[PDB]
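This is target_37.txt (compact mmCIF, C-alpha atoms and all ligand atoms).
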```txt
# COMPACT_ATOMS: atom_id res chain seq x y z
CA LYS A 178 0.00 0.00 0.00
CA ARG A 179 1.20 3.49 -0.90
CA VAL A 180 1.45 6.05 1.89
CA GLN A 181 0.31 9.41 0.53
CA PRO A 182 2.39 12.51 1.39
CA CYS A 183 1.24 14.60 4.35
CA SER A 184 -0.77 17.72 3.51
CA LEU A 185 -0.31 19.27 6.94
CA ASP A 186 2.02 22.14 7.83
CA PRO A 187 4.83 21.72 10.41
CA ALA A 188 2.82 23.35 13.21
CA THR A 189 -0.31 21.28 12.62
CA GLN A 190 1.81 18.16 12.16
CA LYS A 191 3.46 18.80 15.52
CA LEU A 192 0.09 19.42 17.17
CA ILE A 193 -1.57 16.26 15.84
CA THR A 194 1.49 14.29 16.92
CA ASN A 195 1.39 15.57 20.50
CA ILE A 196 -2.34 15.14 21.11
CA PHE A 197 -2.34 11.53 19.89
CA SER A 198 1.05 10.65 21.37
CA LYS A 199 0.86 7.35 23.26
CA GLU A 200 3.81 8.49 25.37
CA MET A 201 1.91 11.65 26.27
CA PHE A 202 -1.02 9.49 27.38
CA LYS A 203 1.11 7.11 29.45
CA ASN A 204 2.78 10.13 31.04
CA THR A 205 -0.63 11.50 32.03
CA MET A 206 -1.64 8.14 33.50
CA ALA A 207 1.65 8.04 35.41
CA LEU A 208 1.11 11.58 36.67
CA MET A 209 -2.19 10.33 38.10
CA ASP A 210 -0.51 7.46 39.97
CA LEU A 211 -2.04 4.85 37.66
CA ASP A 212 -0.40 1.48 37.05
CA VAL A 213 0.51 1.76 33.36
CA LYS A 214 1.59 -1.89 33.26
CA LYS A 215 -1.61 -3.27 34.78
CA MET A 216 -3.59 -0.81 32.66
CA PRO A 217 -1.97 -0.56 29.20
CA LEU A 218 -3.30 2.03 26.75
CA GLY A 219 -4.66 -0.73 24.53
CA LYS A 220 -6.52 -2.22 27.48
CA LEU A 221 -8.58 0.86 28.35
CA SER A 222 -12.29 0.09 28.08
CA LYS A 223 -15.48 2.08 28.60
CA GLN A 224 -16.58 -0.90 30.69
CA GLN A 225 -13.66 -0.61 33.12
CA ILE A 226 -14.11 3.15 33.47
CA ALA A 227 -17.81 2.62 34.19
CA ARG A 228 -17.04 0.00 36.84
CA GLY A 229 -14.74 2.62 38.32
CA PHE A 230 -17.46 5.25 38.55
CA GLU A 231 -19.81 2.66 40.05
CA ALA A 232 -17.23 2.10 42.78
CA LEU A 233 -16.93 5.86 43.27
CA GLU A 234 -20.70 6.27 43.54
CA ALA A 235 -21.21 3.49 46.08
CA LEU A 236 -18.30 5.06 47.95
CA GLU A 237 -19.96 8.48 47.71
CA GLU A 238 -23.10 6.89 49.14
CA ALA A 239 -21.05 5.70 52.11
CA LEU A 240 -19.81 9.25 52.69
CA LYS A 241 -23.24 10.89 52.86
CA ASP A 245 -26.57 1.71 57.89
CA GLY A 246 -24.53 -1.49 58.12
CA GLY A 247 -23.00 -1.14 54.66
CA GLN A 248 -19.35 -1.53 53.68
CA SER A 249 -16.48 0.30 55.38
CA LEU A 250 -14.61 3.07 53.54
CA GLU A 251 -11.38 1.09 53.80
CA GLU A 252 -13.09 -1.88 52.16
CA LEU A 253 -14.88 0.10 49.44
CA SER A 254 -11.70 1.99 48.55
CA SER A 255 -9.83 -1.30 48.22
CA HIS A 256 -12.30 -2.28 45.49
CA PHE A 257 -11.85 0.90 43.45
CA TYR A 258 -8.12 0.15 43.29
CA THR A 259 -8.99 -3.38 42.17
CA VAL A 260 -10.88 -2.00 39.18
CA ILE A 261 -8.51 0.91 38.55
CA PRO A 262 -4.96 -0.33 39.35
CA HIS A 263 -2.85 2.37 41.02
CA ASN A 264 0.92 2.62 41.45
CA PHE A 265 2.23 3.65 44.87
CA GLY A 266 5.64 1.99 45.07
CA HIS A 267 3.77 -1.20 45.94
CA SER A 268 2.46 0.22 49.22
CA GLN A 269 -1.02 0.30 50.76
CA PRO A 270 -3.22 2.72 48.76
CA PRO A 271 -4.93 5.69 50.51
CA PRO A 272 -8.54 5.30 51.74
CA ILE A 273 -10.94 7.58 49.86
CA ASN A 274 -12.44 8.95 53.06
CA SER A 275 -12.94 12.60 52.12
CA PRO A 276 -15.23 14.45 49.68
CA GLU A 277 -12.12 16.20 48.37
CA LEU A 278 -10.39 12.91 47.56
CA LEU A 279 -13.63 11.53 46.15
CA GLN A 280 -13.97 14.23 43.49
CA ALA A 281 -10.24 13.90 42.84
CA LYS A 282 -10.74 10.31 41.67
CA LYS A 283 -13.76 11.33 39.61
CA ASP A 284 -11.73 14.02 37.87
CA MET A 285 -8.98 11.45 37.31
CA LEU A 286 -11.37 8.94 35.72
CA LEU A 287 -12.88 11.66 33.54
CA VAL A 288 -9.46 12.45 32.11
CA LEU A 289 -8.77 8.75 31.70
CA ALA A 290 -12.14 8.55 29.95
CA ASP A 291 -10.94 11.00 27.30
CA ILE A 292 -7.78 8.96 26.87
CA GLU A 293 -9.95 5.98 25.98
CA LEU A 294 -11.98 8.15 23.61
CA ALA A 295 -8.80 8.95 21.67
CA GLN A 296 -7.81 5.28 21.59
CA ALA A 297 -11.23 4.04 20.47
CA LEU A 298 -11.14 6.85 17.90
CA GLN A 299 -7.89 5.62 16.35
CA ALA A 300 -9.43 2.18 15.82
CA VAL A 301 -8.72 1.02 12.26
CA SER A 302 -11.99 0.47 10.39
CA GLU A 303 -12.46 -2.04 7.57
CA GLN A 304 -12.95 0.78 5.07
CA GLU A 305 -9.29 1.71 5.56
CA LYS A 306 -8.06 -1.88 5.35
CA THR A 307 -9.67 -2.36 1.93
CA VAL A 308 -7.98 0.63 0.29
CA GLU A 309 -4.74 0.37 -1.70
CA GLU A 310 -3.55 3.79 -0.53
CA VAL A 311 -3.43 5.16 3.01
CA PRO A 312 -3.10 8.80 4.11
CA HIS A 313 -0.02 9.97 5.98
CA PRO A 314 -0.50 8.85 9.62
CA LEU A 315 -0.94 12.49 10.64
CA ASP A 316 -3.56 13.23 7.98
CA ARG A 317 -5.47 10.18 9.16
CA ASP A 318 -5.40 11.28 12.80
CA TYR A 319 -6.31 14.81 11.76
CA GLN A 320 -9.29 13.44 9.83
CA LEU A 321 -10.38 11.35 12.82
CA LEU A 322 -11.03 14.57 14.72
CA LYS A 323 -13.57 15.63 12.10
CA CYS A 324 -12.59 19.16 13.11
CA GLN A 325 -11.13 21.89 10.91
CA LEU A 326 -7.85 23.44 12.06
CA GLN A 327 -6.72 26.52 10.12
CA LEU A 328 -3.39 27.89 11.34
CA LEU A 329 -3.38 31.67 11.73
CA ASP A 330 -0.53 34.03 10.88
CA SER A 331 0.74 37.40 12.10
CA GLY A 332 -1.26 39.15 9.39
CA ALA A 333 -4.43 37.59 10.77
CA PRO A 334 -7.04 40.14 11.96
CA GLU A 335 -7.87 38.33 15.21
CA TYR A 336 -4.28 37.23 15.84
CA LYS A 337 -3.26 40.46 17.57
CA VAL A 338 -6.49 40.58 19.58
CA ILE A 339 -5.74 37.08 20.88
CA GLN A 340 -2.07 37.88 21.51
CA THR A 341 -2.97 41.01 23.47
CA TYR A 342 -5.69 39.08 25.28
CA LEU A 343 -2.97 36.58 26.21
CA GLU A 344 -0.23 38.93 27.42
CA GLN A 345 -2.54 41.24 29.35
CA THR A 346 -4.22 38.50 31.40
CA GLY A 347 -1.23 36.19 31.77
CA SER A 348 1.10 36.05 34.77
CA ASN A 349 3.38 39.09 34.56
CA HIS A 350 6.42 37.00 35.54
CA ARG A 351 5.86 33.40 34.43
CA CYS A 352 4.88 34.70 30.99
CA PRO A 353 3.30 32.09 28.67
CA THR A 354 4.81 32.37 25.19
CA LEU A 355 2.47 32.23 22.20
CA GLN A 356 3.77 29.93 19.47
CA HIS A 357 0.79 29.13 17.26
CA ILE A 358 -2.92 29.87 16.95
CA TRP A 359 -5.36 27.57 15.17
CA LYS A 360 -8.84 28.58 14.04
CA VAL A 361 -11.09 25.81 15.34
CA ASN A 362 -14.08 24.95 13.16
CA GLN A 363 -15.56 21.92 14.91
CA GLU A 364 -18.24 20.87 12.44
CA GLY A 365 -21.44 20.10 14.32
CA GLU A 366 -21.03 22.99 16.73
CA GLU A 367 -22.44 25.69 14.46
CA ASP A 368 -25.88 24.14 13.98
CA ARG A 369 -26.52 23.75 17.72
CA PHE A 370 -24.91 27.11 18.51
CA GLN A 371 -27.44 28.84 16.24
CA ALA A 372 -29.99 28.19 18.98
CA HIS A 373 -28.49 30.89 21.20
CA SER A 374 -28.03 33.22 18.22
CA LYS A 375 -30.85 35.35 19.64
CA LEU A 376 -28.91 35.47 22.91
CA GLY A 377 -26.50 38.40 23.17
CA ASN A 378 -23.69 39.12 25.62
CA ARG A 379 -20.94 37.03 24.04
CA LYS A 380 -17.39 36.78 25.36
CA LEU A 381 -14.29 34.98 24.11
CA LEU A 382 -13.11 33.15 27.22
CA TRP A 383 -10.14 30.99 28.18
CA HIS A 384 -10.20 27.27 28.94
CA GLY A 385 -6.95 25.68 30.09
CA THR A 386 -6.81 21.95 29.44
CA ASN A 387 -4.22 19.22 29.88
CA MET A 388 -2.86 17.61 26.71
CA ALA A 389 -4.58 14.28 27.41
CA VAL A 390 -8.11 15.50 26.65
CA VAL A 391 -7.29 17.91 23.82
CA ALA A 392 -8.22 15.36 21.14
CA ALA A 393 -11.49 14.55 22.91
CA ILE A 394 -12.32 18.25 23.11
CA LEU A 395 -11.54 18.69 19.41
CA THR A 396 -13.88 15.78 18.67
CA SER A 397 -16.78 16.36 21.06
CA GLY A 398 -16.26 19.95 22.19
CA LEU A 399 -16.49 21.05 25.81
CA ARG A 400 -18.83 18.72 27.69
CA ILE A 401 -20.72 18.58 30.97
CA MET A 402 -19.89 15.05 32.06
CA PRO A 403 -21.60 13.08 34.84
CA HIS A 404 -19.61 13.12 38.10
CA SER A 405 -18.07 16.41 36.96
CA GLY A 406 -17.96 19.23 39.50
CA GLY A 407 -16.11 22.23 40.88
CA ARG A 408 -16.47 25.41 42.92
CA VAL A 409 -19.45 26.52 40.83
CA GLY A 410 -21.13 23.16 40.26
CA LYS A 411 -21.72 20.92 37.26
CA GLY A 412 -21.05 23.03 34.18
CA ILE A 413 -18.38 24.28 31.78
CA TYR A 414 -15.68 26.40 33.42
CA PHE A 415 -14.06 29.42 31.75
CA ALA A 416 -11.85 32.35 32.70
CA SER A 417 -11.41 35.94 31.52
CA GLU A 418 -7.82 35.82 32.75
CA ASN A 419 -5.36 33.59 30.91
CA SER A 420 -3.37 33.15 34.11
CA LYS A 421 -6.35 31.49 35.79
CA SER A 422 -6.81 29.02 32.93
CA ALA A 423 -3.10 28.33 32.52
CA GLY A 424 -3.13 26.85 36.02
CA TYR A 425 -5.03 23.93 34.52
CA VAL A 426 -2.76 23.47 31.51
CA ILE A 427 -0.63 20.40 32.18
CA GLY A 428 1.98 19.99 29.45
CA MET A 429 4.94 17.76 28.65
CA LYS A 430 8.65 18.45 28.10
CA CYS A 431 10.05 18.89 24.59
CA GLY A 432 13.84 19.10 24.60
CA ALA A 433 13.83 22.26 26.70
CA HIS A 434 10.40 23.86 26.33
CA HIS A 435 7.16 23.10 28.17
CA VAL A 436 4.45 22.63 25.52
CA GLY A 437 0.80 23.25 26.42
CA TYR A 438 -2.54 23.96 24.75
CA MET A 439 -5.36 26.37 25.56
CA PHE A 440 -8.81 26.96 24.07
CA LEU A 441 -10.61 30.22 23.35
CA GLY A 442 -14.35 29.63 23.36
CA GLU A 443 -17.20 31.85 22.23
CA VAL A 444 -19.58 31.76 25.18
CA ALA A 445 -23.19 32.93 25.03
CA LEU A 446 -23.46 34.46 28.50
CA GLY A 447 -26.82 36.18 28.16
CA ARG A 448 -28.20 37.25 31.53
CA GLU A 449 -25.46 36.78 34.12
CA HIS A 450 -26.07 35.72 37.71
CA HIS A 451 -23.21 37.00 39.84
CA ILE A 452 -22.02 35.11 42.91
CA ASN A 453 -19.10 35.66 45.28
CA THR A 454 -19.22 32.38 47.21
CA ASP A 455 -18.52 28.76 46.26
CA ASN A 456 -21.62 26.77 45.30
CA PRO A 457 -20.64 23.20 44.29
CA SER A 458 -24.33 22.22 44.14
CA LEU A 459 -25.28 24.30 41.10
CA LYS A 460 -26.47 22.38 38.04
CA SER A 461 -27.95 25.38 36.24
CA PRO A 462 -28.31 29.16 36.66
CA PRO A 463 -31.19 30.63 38.69
CA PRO A 464 -34.49 31.10 36.78
CA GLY A 465 -34.10 33.87 34.20
CA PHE A 466 -30.32 33.57 34.07
CA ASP A 467 -28.25 31.89 31.36
CA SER A 468 -24.89 31.88 33.11
CA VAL A 469 -23.36 32.02 36.58
CA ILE A 470 -20.23 34.12 37.09
CA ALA A 471 -17.87 33.82 40.05
CA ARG A 472 -16.60 37.40 40.29
CA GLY A 473 -12.94 37.53 41.32
CA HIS A 474 -11.02 40.19 43.24
CA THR A 475 -9.84 41.43 39.84
CA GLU A 476 -11.03 41.53 36.24
CA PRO A 477 -9.49 42.38 32.87
CA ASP A 478 -10.23 46.11 32.60
CA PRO A 479 -13.74 46.18 31.04
CA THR A 480 -13.02 49.66 29.66
CA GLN A 481 -10.35 48.10 27.45
CA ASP A 482 -12.67 45.50 25.95
CA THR A 483 -12.68 45.06 22.18
CA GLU A 484 -15.11 43.21 19.92
CA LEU A 485 -14.58 40.56 17.25
CA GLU A 486 -16.94 39.85 14.36
CA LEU A 487 -17.40 36.08 14.32
CA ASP A 488 -20.15 34.75 12.05
CA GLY A 489 -21.91 38.11 12.07
CA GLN A 490 -21.80 38.17 15.87
CA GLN A 491 -20.08 40.79 18.02
CA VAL A 492 -17.99 38.89 20.57
CA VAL A 493 -16.39 40.71 23.50
CA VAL A 494 -12.67 40.10 23.90
CA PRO A 495 -10.89 41.55 26.97
CA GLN A 496 -7.67 43.45 26.23
CA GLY A 497 -6.69 45.13 29.49
CA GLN A 498 -4.81 44.02 32.59
CA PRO A 499 -6.66 42.76 35.69
CA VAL A 500 -7.93 45.67 37.78
CA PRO A 501 -9.25 45.62 41.37
CA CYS A 502 -13.00 45.03 41.74
CA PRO A 503 -13.92 46.58 45.13
CA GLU A 504 -17.50 45.29 44.82
CA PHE A 505 -16.07 41.78 45.07
CA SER A 506 -12.90 42.55 47.04
CA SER A 507 -13.89 40.12 49.80
CA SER A 508 -15.09 37.44 47.37
CA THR A 509 -14.07 33.80 47.80
CA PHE A 510 -12.73 33.82 44.25
CA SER A 511 -9.46 35.58 43.47
CA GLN A 512 -10.11 35.32 39.74
CA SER A 513 -13.42 35.16 37.86
CA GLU A 514 -14.85 31.78 36.89
CA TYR A 515 -17.45 31.96 34.11
CA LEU A 516 -20.04 29.19 34.06
CA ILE A 517 -22.60 27.83 31.60
CA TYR A 518 -24.74 24.77 32.28
CA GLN A 519 -25.61 23.57 28.78
CA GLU A 520 -22.97 22.55 26.24
CA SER A 521 -24.83 24.30 23.41
CA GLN A 522 -23.83 27.71 24.81
CA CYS A 523 -20.16 27.17 23.98
CA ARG A 524 -18.47 27.38 20.58
CA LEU A 525 -14.81 26.44 20.21
CA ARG A 526 -13.05 29.22 18.30
CA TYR A 527 -9.28 29.04 18.71
CA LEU A 528 -6.57 26.63 19.84
CA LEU A 529 -3.37 28.11 21.26
CA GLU A 530 0.01 26.44 21.65
CA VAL A 531 1.98 28.05 24.47
CA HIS A 532 5.54 27.62 25.76
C1 LIG B 1 -6.93 19.18 36.34
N1 LIG B 1 -8.14 19.31 37.17
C2 LIG B 1 -7.80 19.91 38.47
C3 LIG B 1 -9.11 20.15 36.47
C4 LIG B 1 -10.57 19.66 36.53
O1 LIG B 1 -10.86 18.72 37.19
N2 LIG B 1 -11.61 20.45 35.88
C5 LIG B 1 -11.20 21.59 35.06
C6 LIG B 1 -10.51 21.33 33.69
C7 LIG B 1 -10.06 22.52 32.83
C8 LIG B 1 -10.30 23.97 33.33
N3 LIG B 1 -9.86 25.15 32.48
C9 LIG B 1 -10.09 26.56 32.95
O2 LIG B 1 -9.66 27.62 32.16
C10 LIG B 1 -10.79 26.83 34.32
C11 LIG B 1 -11.02 28.29 34.80
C12 LIG B 1 -11.71 28.53 36.15
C13 LIG B 1 -12.15 27.34 37.00
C14 LIG B 1 -11.92 25.89 36.53
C15 LIG B 1 -11.22 25.65 35.16
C16 LIG B 1 -10.99 24.23 34.69
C17 LIG B 1 -11.44 23.03 35.56
```

Write out the structure in this file as structure tokens.
Amino acid sequence: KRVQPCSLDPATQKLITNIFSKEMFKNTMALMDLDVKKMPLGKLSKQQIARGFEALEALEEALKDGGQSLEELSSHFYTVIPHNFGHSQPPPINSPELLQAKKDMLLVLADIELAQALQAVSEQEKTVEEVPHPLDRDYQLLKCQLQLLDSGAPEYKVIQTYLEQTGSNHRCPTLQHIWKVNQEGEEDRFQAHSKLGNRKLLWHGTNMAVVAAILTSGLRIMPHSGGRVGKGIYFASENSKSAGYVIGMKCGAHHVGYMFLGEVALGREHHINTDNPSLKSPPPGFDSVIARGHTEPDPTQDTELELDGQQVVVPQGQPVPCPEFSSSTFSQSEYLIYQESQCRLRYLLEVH
């Protein structure tokens, strides 16, 4: 069989290599204390991950009788999801904090399986005399359009300014590339909230392990997912806040990482200043919940982008003190929506 030449540019080739890298996945599983030998990448199954959540639920039930002890229930979760702790006795999941930690860990592992199941070779490919370059194939598996922007791009500078003004003044994240994300299947559903104004291009820092899944399914509100503002999709107006979630891998000397810029239909905003991990939707009449931080990218420096005939607000100024929320429980703002349809992936950034 002939292997057709790759039609991807260096940047997009590098990207597609990283986000499907089996070494990158194993690294992530190792960073989560998971036994990579007892749980090989090719062994990951939706069934196993489900059995894991079942164990987490029954354990959650025992945290809220004559049932099963926490020490005993925990021991079963580690039987289904093999952990690596230098061959010592694993920790008992006896706290709500540790409980959600394992849920978050399984959710990430769930997106690792999604990428694996996605790469599955179908019969259609096996009955063709010519195959695409491995990278083209992977790129096509995402069913998502990635157009690399340049310096001469209109929205490039807006994004670059947005990045440098809301990033950490010292540990500056270096912009390398910007991709225009056209996830096909996100426009149709996003046209629902086309009558809904108040749009803002917000940050979403993600670890490299779920980048493929996000490019394939978009930002999702998974079961067992949570946080300080409940069960929704988390965003940030400050790059620095999102970057704290960007877990990247080494590359010779640099620390590669990826961030998303999403067009969020905020509509009527319900402002809170206190953690509320029970939220599953905004209060009646509201379309989004916003955790106002002690600071906010100077609203007077906001600019607007024209995306698909829509005016989208894009912050451009440094964080300024917000006295009205000076004693808030959030240092930085956390934007929330509680239905996936309100988010539209717009740009993918590669930072160093
Ligand atoms: C790696 N985990 C600790 C992250 C997790 O479990 N969920 C998650 C995963 C990615 C996230 N990205 C953000 O830009 C963000 C901004 C304000 C508040 C939360 C997030 C955010 C949260």

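Once residue A:520 and its same-chain neighbours fewer than 2 positions away are set aside, residues 399, 400, 401, 518, 522 and 523 of chain A remain within 7 Å of it when counting all atoms listed in the file.
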
Quick one: write out the picked residues with C-alpha atoms as a CSV table (one decimal), keeping the file's coordinate frame?
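Here's the written file again.csv:
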```csv
chain,number,residue,atom,x,y,z
A,399,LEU,CA,-16.5,21.0,25.8
A,400,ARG,CA,-18.8,18.7,27.7
A,401,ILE,CA,-20.7,18.6,31.0
A,518,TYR,CA,-24.7,24.8,32.3
A,522,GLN,CA,-23.8,27.7,24.8
A,523,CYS,CA,-20.2,27.2,24.0
```

Per residue of chain A within 6 Å of ligand LIG 1 (chain B), note the shortest atom pair and the distance in Å to one decimal, counting all atoms listed in the file, and order the rows by chain and increasing residue number, as JSON lines.
```
{"residue": "A:284", "atom": "CA", "partner": "B:LIG1", "partner_atom": "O1", "distance": 4.8}
{"residue": "A:383", "atom": "CA", "partner": "B:LIG1", "partner_atom": "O2", "distance": 5.2}
{"residue": "A:384", "atom": "CA", "partner": "B:LIG1", "partner_atom": "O2", "distance": 3.3}
{"residue": "A:385", "atom": "CA", "partner": "B:LIG1", "partner_atom": "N3", "distance": 3.8}
{"residue": "A:386", "atom": "CA", "partner": "B:LIG1", "partner_atom": "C7", "distance": 4.7}
{"residue": "A:414", "atom": "CA", "partner": "B:LIG1", "partner_atom": "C15", "distance": 4.8}
{"residue": "A:415", "atom": "CA", "partner": "B:LIG1", "partner_atom": "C11", "distance": 4.5}
{"residue": "A:416", "atom": "CA", "partner": "B:LIG1", "partner_atom": "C11", "distance": 4.6}
{"residue": "A:421", "atom": "CA", "partner": "B:LIG1", "partner_atom": "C11", "distance": 5.7}
{"residue": "A:422", "atom": "CA", "partner": "B:LIG1", "partner_atom": "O2", "distance": 3.3}
{"residue": "A:425", "atom": "CA", "partner": "B:LIG1", "partner_atom": "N3", "distance": 5.4}
{"residue": "A:514", "atom": "CA", "partner": "B:LIG1", "partner_atom": "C12", "distance": 4.6}
```

Output C-alpha atoms for every residue in that selection, as an mmCIF file, in the frame of the given file.
```
data_model
loop_
_atom_site.group_PDB
_atom_site.id
_atom_site.type_symbol
_atom_site.label_atom_id
_atom_site.label_comp_id
_atom_site.auth_asym_id
_atom_site.auth_seq_id
_atom_site.Cartn_x
_atom_site.Cartn_y
_atom_site.Cartn_z
ATOM 1 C CA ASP A 284 -11.730 14.020 37.870
ATOM 2 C CA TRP A 383 -10.140 30.990 28.180
ATOM 3 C CA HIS A 384 -10.200 27.270 28.940
ATOM 4 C CA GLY A 385 -6.950 25.680 30.090
ATOM 5 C CA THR A 386 -6.810 21.950 29.440
ATOM 6 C CA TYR A 414 -15.680 26.400 33.420
ATOM 7 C CA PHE A 415 -14.060 29.420 31.750
ATOM 8 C CA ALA A 416 -11.850 32.350 32.700
ATOM 9 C CA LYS A 421 -6.350 31.490 35.790
ATOM 10 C CA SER A 422 -6.810 29.020 32.930
ATOM 11 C CA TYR A 425 -5.030 23.930 34.520
ATOM 12 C CA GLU A 514 -14.850 31.780 36.890
#
```

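Atom CA of residue A:493 sits 4.5 Å away from atom CA of residue A:380.
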
- [ ] Give me, please, the distance in Å between atom CA of residue A:472 and atom CA of residue A:417, quoted to one decimal.
- [x]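 That distance, rounded to one decimal, is 10.3 Å.
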
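Every protein or nucleic acid residue with an atom no more than 8 Å from stretch 367-372 of chain A, counting all atoms listed in the file and leaving out same-chain residues fewer than 3 positions away, appears here: residues 363, 364, 375, 521, 522, 523 and 524 of chain A.
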
Open item on the list: What's the separation between atom CA of residue A:463 and atom CA of residue A:519, in Å to one decimal place?
Closed with: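 Between atom CA of residue A:463 and atom CA of residue A:519 the gap works out to 13.4 Å.
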
Leaving out residue A:437 and any residue of its chain fewer than 2 positions from it, which residues lie within 12 Å of it when counting only C-alpha atoms, given as a short mmCIF file (atom, residue, chain, number, x, y, z; two decimals) with C-alpha atoms, keeping the file's coordinate frame?
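The result, stored in out_23.cif:
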```cif
data_model
loop_
_atom_site.label_atom_id
_atom_site.label_comp_id
_atom_site.auth_asym_id
_atom_site.auth_seq_id
_atom_site.Cartn_x
_atom_site.Cartn_y
_atom_site.Cartn_z
CA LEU A 192 0.09 19.42 17.17
CA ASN A 195 1.39 15.57 20.50
CA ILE A 196 -2.34 15.14 21.11
CA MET A 201 1.91 11.65 26.27
CA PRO A 353 3.30 32.09 28.67
CA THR A 354 4.81 32.37 25.19
CA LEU A 355 2.47 32.23 22.20
CA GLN A 356 3.77 29.93 19.47
CA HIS A 357 0.79 29.13 17.26
CA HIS A 384 -10.20 27.27 28.94
CA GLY A 385 -6.95 25.68 30.09
CA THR A 386 -6.81 21.95 29.44
CA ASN A 387 -4.22 19.22 29.88
CA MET A 388 -2.86 17.61 26.71
CA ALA A 389 -4.58 14.28 27.41
CA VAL A 390 -8.11 15.50 26.65
CA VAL A 391 -7.29 17.91 23.82
CA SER A 422 -6.81 29.02 32.93
CA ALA A 423 -3.10 28.33 32.52
CA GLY A 424 -3.13 26.85 36.02
CA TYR A 425 -5.03 23.93 34.52
CA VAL A 426 -2.76 23.47 31.51
CA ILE A 427 -0.63 20.40 32.18
CA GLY A 428 1.98 19.99 29.45
CA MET A 429 4.94 17.76 28.65
CA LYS A 430 8.65 18.45 28.10
CA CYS A 431 10.05 18.89 24.59
CA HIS A 434 10.40 23.86 26.33
CA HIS A 435 7.16 23.10 28.17
CA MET A 439 -5.36 26.37 25.56
CA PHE A 440 -8.81 26.96 24.07
CA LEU A 528 -6.57 26.63 19.84
CA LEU A 529 -3.37 28.11 21.26
CA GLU A 530 0.01 26.44 21.65
CA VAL A 531 1.98 28.05 24.47
CA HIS A 532 5.54 27.62 25.76
#
```

Task: Top pick for closest residue to residue A:205, considering A:330, A:348, A:451, A:288 and counting all atoms listed in the file - done: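 Residue with the minimum atom-to-atom distance to residue A:205: A:288.
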
Taking (-16.7, 18.5, 35.5) in the file's own coordinates, collect the residues within 12 Å, counting only C-alpha atoms, and hand them back as a JSON list (two decimals) with C-alpha atoms, keeping the file's coordinate frame.
```
[["chain", "number", "residue", "atom", "x", "y", "z"],
["A", 280, "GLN", "CA", -13.97, 14.23, 43.49],
["A", 281, "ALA", "CA", -10.24, 13.90, 42.84],
["A", 282, "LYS", "CA", -10.74, 10.31, 41.67],
["A", 283, "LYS", "CA", -13.76, 11.33, 39.61],
["A", 284, "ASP", "CA", -11.73, 14.02, 37.87],
["A", 285, "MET", "CA", -8.98, 11.45, 37.31],
["A", 286, "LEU", "CA", -11.37, 8.94, 35.72],
["A", 287, "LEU", "CA", -12.88, 11.66, 33.54],
["A", 288, "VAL", "CA", -9.46, 12.45, 32.11],
["A", 399, "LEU", "CA", -16.49, 21.05, 25.81],
["A", 400, "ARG", "CA", -18.83, 18.72, 27.69],
["A", 401, "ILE", "CA", -20.72, 18.58, 30.97],
["A", 402, "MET", "CA", -19.89, 15.05, 32.06],
["A", 403, "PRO", "CA", -21.60, 13.08, 34.84],
["A", 404, "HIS", "CA", -19.61, 13.12, 38.10],
["A", 405, "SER", "CA", -18.07, 16.41, 36.96],
["A", 406, "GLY", "CA", -17.96, 19.23, 39.50],
["A", 407, "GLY", "CA", -16.11, 22.23, 40.88],
["A", 408, "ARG", "CA", -16.47, 25.41, 42.92],
["A", 409, "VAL", "CA", -19.45, 26.52, 40.83],
["A", 410, "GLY", "CA", -21.13, 23.16, 40.26],
["A", 411, "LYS", "CA", -21.72, 20.92, 37.26],
["A", 412, "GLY", "CA", -21.05, 23.03, 34.18],
["A", 413, "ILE", "CA", -18.38, 24.28, 31.78],
["A", 414, "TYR", "CA", -15.68, 26.40, 33.42],
["A", 415, "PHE", "CA", -14.06, 29.42, 31.75],
["A", 457, "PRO", "CA", -20.64, 23.20, 44.29],
["A", 459, "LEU", "CA", -25.28, 24.30, 41.10],
["A", 460, "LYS", "CA", -26.47, 22.38, 38.04],
["A", 516, "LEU", "CA", -20.04, 29.19, 34.06],
["A", 517, "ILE", "CA", -22.60, 27.83, 31.60],
["A", 518, "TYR", "CA", -24.74, 24.77, 32.28],
["A", 520, "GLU", "CA", -22.97, 22.55, 26.24]]
```

Task: Spatial neighbours of residue A:263, max dist 8 Å, all atoms listed in the file, sep filter under 2 positions, as number ranges by chain - done: A: 210-212, 258, 261, 265, 270

Write the residues of the preceding selection, restricted to C-alpha atoms, as a compact mmCIF listing (two decimals), in the coordinates of the input.
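What follows is the written file part-v5.txt:
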```
# COMPACT_ATOMS: atom_id res chain seq x y z
CA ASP A 210 -0.51 7.46 39.97
CA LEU A 211 -2.04 4.85 37.66
CA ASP A 212 -0.40 1.48 37.05
CA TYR A 258 -8.12 0.15 43.29
CA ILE A 261 -8.51 0.91 38.55
CA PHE A 265 2.23 3.65 44.87
CA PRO A 270 -3.22 2.72 48.76
```

Task: 9 Å contact set for residue A:254, all atoms listed in the file, chain neighbours under 4 positions out, as an NGL selection string - done: :A and (232-233 or 236 or 249-250 or 258-259 or 270-274)

TODO: Using all atoms listed in the file, find the one residue out of A:290, A:200, A:262, A:302 that sits nearest to residue A:214.
DONE: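 Among the listed residues, A:262 lies closest to residue A:214.
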
TODO: May I ask which of the residues A:509, A:461, A:496, A:346 is the closest one to residue A:474, counting all atoms listed in the file?
DONE: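 Closest to residue A:474, using all atoms listed in the file: A:509.
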
- [ ] Using all atoms listed in the file, find all polymer residues with an atom at most 12 Å away from the point (-11.1, 25.4, 11.7); report them as a PyMOL selection string.
- [x] chain A and resi 189+319+322-329+358-367+395+524-528

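Candidate residues A:499, A:462, A:377, A:479 were compared for distance to residue A:444, and the nearest is A:377, using all atoms listed in the file.
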